[PDB]
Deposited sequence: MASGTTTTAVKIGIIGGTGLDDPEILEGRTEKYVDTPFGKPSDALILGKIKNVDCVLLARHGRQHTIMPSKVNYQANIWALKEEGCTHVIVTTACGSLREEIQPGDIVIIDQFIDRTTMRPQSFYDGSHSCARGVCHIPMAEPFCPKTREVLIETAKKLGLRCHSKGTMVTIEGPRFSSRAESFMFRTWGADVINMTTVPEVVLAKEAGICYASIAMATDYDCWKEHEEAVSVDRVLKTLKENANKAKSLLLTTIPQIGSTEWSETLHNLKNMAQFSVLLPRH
């Protein structure tokens, strides 16, 4: 059986997406998650919703307890984790409102714990950071819904809370980055360490500055949130009808063998 964890990003964390919801505040060895876990279902698939910045959206990217969030979802029994995230576009073809099913990341964060093994020692591989099988279903589903969707993309995650300078924005383009946010790393890294199939639904809200402002971002998100909701509602039932016995087995093995015992 599968259980989908869902981490709602800025303006993309509507709990109405789940039926038969039940709130559940939890705790973890790394502190409390951003907010209470929302247990519920999409069709016959068990899901767990968690607002990344809190239902009040008061926690800044740098202060989000990524460790607690991923740990909590794992503890609740989540096999997969699909998240949503607002980001800026670094490519002309990626227009505001467009969905990007990212497949790579470039870390630009500086003050963020990125491992559960803060002391054995865990050196987890990051070649393919996002669950390919889940990304495949998201892409096919976006297509069935007729949505503008990019099948891949490299997300550069900055520390924030400030936005990038134009020089940084142009620089990131030369490094091969396609979109930019403040939350993909270390969320994706910790999910890998937990042996969880992780995928991200990035929602381009602007062209960064290669013009970007809070109001601009919140505005585009409001106008496009429905897309991410529809994609999740349609995608998830499809995951609950596929076999992941082997896929999850490989993630479990990679995570375990990446730990150096004393």
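Counting from 1 along the deposited sequence, what's missing? Unobserved in coordinates, per deposited numbering: 1-8, 128-133, 225-229, 282-283.
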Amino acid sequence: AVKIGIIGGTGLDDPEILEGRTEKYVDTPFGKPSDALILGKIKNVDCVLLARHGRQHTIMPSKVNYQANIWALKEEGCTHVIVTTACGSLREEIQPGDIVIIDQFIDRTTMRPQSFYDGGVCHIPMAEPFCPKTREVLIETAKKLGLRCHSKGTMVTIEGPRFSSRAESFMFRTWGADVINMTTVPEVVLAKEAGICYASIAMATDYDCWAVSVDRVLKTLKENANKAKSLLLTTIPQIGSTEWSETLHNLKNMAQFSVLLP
From here on, numbers count along this sequence of modelled residues.
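Between two forms, the rigid core is the largest collection of C-alphas that superpose within 1.5 Å.
Between 228-236 and 215-223, where do the CA atoms move more in 8 other deposited structures of this protein, taking the root mean square over the structures and residues after a core fit? Higher root mean square deviation of C-alphas in 8 other deposited structures of this protein is shown by 215-223.
Selected stretch [higher average CA B-factor]: 45-53 or 213-221: Stretch with the greater average CA B-factor: 213-221.
Mean Cα B factor from the PDB record: higher for 136-144, or higher for 121-129? 121-129 has the higher mean C-alpha B-factor.
Top residue by Cα temperature factor, when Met203, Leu231, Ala199, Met60 are compared in the entry: Highest CA B-factor of the listed options: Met60.
Lowest, middle or highest third: which one holds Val26 when the chain's residues are ordered by CA B-factor from the entry? Answer is highest: the recorded C-alpha B-factor places it there.
Just say lowest, middle or highest third for the CA B-factor of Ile7 relative to the other modelled residues in its chain. Lowest third, going by the recorded CA B-factors of the chain.
What third of its chain's C-alpha B-factors does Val81 belong to: lowest, middle or highest? Its C-alpha B-factor belongs to the middle third of this chain's values.
Can you tell me which third, lowest, middle or highest, the CA B-factor of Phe105 falls into for its chain? Lowest third - that is where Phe105 ends up once the chain's C-alpha B-factors are sorted.
For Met111, does the deposited CA B-factor place it in the lowest, middle or highest third of the chain? Answer is highest: the recorded C-alpha B-factor places it there.
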